[PDB]
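Before any questions on binding or motion, here is one chain by itself as structure tokens, the form deposited in one PDB entry.
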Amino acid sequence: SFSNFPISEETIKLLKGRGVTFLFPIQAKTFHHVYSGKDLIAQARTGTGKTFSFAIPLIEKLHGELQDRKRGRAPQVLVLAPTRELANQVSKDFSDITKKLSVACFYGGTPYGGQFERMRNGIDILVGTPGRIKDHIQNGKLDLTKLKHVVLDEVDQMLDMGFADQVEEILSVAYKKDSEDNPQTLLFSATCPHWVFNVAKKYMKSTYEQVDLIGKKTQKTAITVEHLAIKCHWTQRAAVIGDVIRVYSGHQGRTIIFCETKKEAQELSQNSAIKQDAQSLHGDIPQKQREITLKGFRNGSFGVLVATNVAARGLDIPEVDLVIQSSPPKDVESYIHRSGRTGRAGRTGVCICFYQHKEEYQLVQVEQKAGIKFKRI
């Protein structure tokens, strides 16, 4: 039931088409904060439902306002994500649950024509990646001065170096120092350390809310994910991975293998231990192929995806029951987000980290920092 929340009958019917019949904890704990207009920073584990944590109350709020739908109208909501496929996926959690609001998704490697047409038609909710959106602001086509709501998903990556400046210049169009006409700021991640909270305060009002479902003294990773580790020299790694997938991935199960470089990921996808069922996904793949590859992985045209961290965050593929990491990452955030491509929305999954003898120090650091212990198989 939805009886504690102001969700219309029409949104309940659309949410049923997505398999949503009640709010998950992170959604229940944030709904009135978002709906009523307060700023919010929220931390919850991978796979617990952060996307609808902002999308449903924002849609209910916007449905309850005037909405005259004039042609060429400026966006009321901005959502930023760190990758093109994540933006596309987040886009659909708005679009699937409104018939009224015009939802647009702008990112790179896409033709401009369709994006200009949506701008001419009018946008209510804009989801996208920073680069292409910055581009449309600077060519004069996009108006973000009328934003009422700004979501940074994966906020800790959006505000790290590599995005901080791009994000800053985009938000500088809508945010001014010391102001009460600034849009509502909504910030979400499975990993929200002190530094992110500190940088976040610059964009938030004094009246902001915090919701932390992870807390201290709790494992950082999704609770339904089992963590295993395999010691293996890099010369053996491809073959053992091939055998691991055959026995640790289940009936109609999908596997993601994460590697540290585009070069490693591409070459592993070619290795005959896995190439027959595998495709690569990384930033040197042209965007049309990235989307075809991801869609095939989602619908089960092949069962093994070899990816860089382009696929580490946000992507939700329910059939992924096996994550393999080719080596322990030096950033524990990377291990946490990668491991969380499995074990989502209460399903169990397995994450297996390969490591060389000289990478054992990094394995131990991931263990300690994430609050987990690897079974060494």
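Numbers follow the displayed sequence, beginning with 1. If you superpose the two forms and keep the largest set of C-alpha atoms that fall within 1.5 Å, you have the rigid core.
Keep in mind that the form deposited in another entry is not shown, yet the notes after this line are about it.
- Candidate set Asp160, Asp124, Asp143, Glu209; criterion, C-alpha shift of 2 Å or more between the shown form and the other one after rigid-core fit; matching residue, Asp160.
- In this overlay on the rigid core, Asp243 has a C-alpha that sits 2 Å or more away from its partner position between the shown form and the other one.
- Annotation for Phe188: C-alpha shift under 2 angstroms between the shown form and the other one, rigid core superposed.
- Relative to the superposed core, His32 undergoes a C-alpha shift smaller than 2 Å between the shown form and the other one.
- Cα-Cα spacing of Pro75 to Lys177 is reduced in the other form versus the present form (difference of at least 3 Å).
- Compared with the form shown here, the Cα atoms of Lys148 and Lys177 move at least 3 Å closer together in the other form.
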